[PDB]
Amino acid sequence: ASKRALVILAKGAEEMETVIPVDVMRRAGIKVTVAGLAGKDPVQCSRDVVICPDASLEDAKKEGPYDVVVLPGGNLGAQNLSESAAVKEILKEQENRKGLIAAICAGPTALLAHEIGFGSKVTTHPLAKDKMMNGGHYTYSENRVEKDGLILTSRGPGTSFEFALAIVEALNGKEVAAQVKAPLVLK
């Protein structure tokens, strides 16, 4: 049975941090749902790329749970995720069931907002560190990708391939990740 990923797409999401994981996960044979926070309508990302979601979050929630819940960054996207009671509910559920939660750049700050994964070692974008560390609820890491307990985090657009491949490894194993990686022409 194929693994399933939920990628939550909010206004102001970093479009690279959205598309790279979506695409790489699909290359891995993961069934990915790009779910619009606001509804079914197209989403204006941080650098004005407009992406049509596969479904509203409301509807995608009905088809859960998922093997991974993915939170892109972009400061304003992460802020929208942080303010959402629907996101809170999804993440709490995922945490309760011991499922993978993945977040990149400023995305991990939504974990703080929703009180998810306290005590975990995490990374963020350098510019998001102080926000993430308010209260000392996590242990900070400068690794490009970090993973502790349920929580997989990464730093920025430039770590998005590494982040995506870590998700692939967690869901489908090291061999599939390596097979997906090779045709990408990564460094």
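One-based numbering along the sequence shown. Here the rigid core means the biggest group of C-alpha atoms that line up within 1.5 Å when the two forms are laid on top of each other.
Taking the root mean square of CA deviations in 6 other deposited structures of this protein after fitting on the rigid core, 35 to 43 and 145 to 153 differ, and the farther of the two is 145 to 153. Mean CA temperature factor is higher for 55 to 63 when stretches 42 to 50 and 55 to 63 are set side by side in the entry. The question of which stretch, 102 to 110 or 85 to 93, has the higher mean Cα B factor is settled in favour of 85 to 93. The PDB entry assigns the greatest CA B-factor among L171, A13, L165, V22 to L171. Of the candidates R26, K147, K129, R144, it is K147 whose Cα B-factor is highest according to the PDB record. In the deposited entry, the Cα temperature factor of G119 sits in the top third of values across the chain's modelled residues. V180: CA B factor lies in the lowest third for its chain, per the PDB record. Ranked by C-alpha B-factor against the other modelled residues of its chain, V34 falls in the middle third.
Among the modelled residues of the chain, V7 sits in the lowest third by CA temperature factor in this PDB entry.
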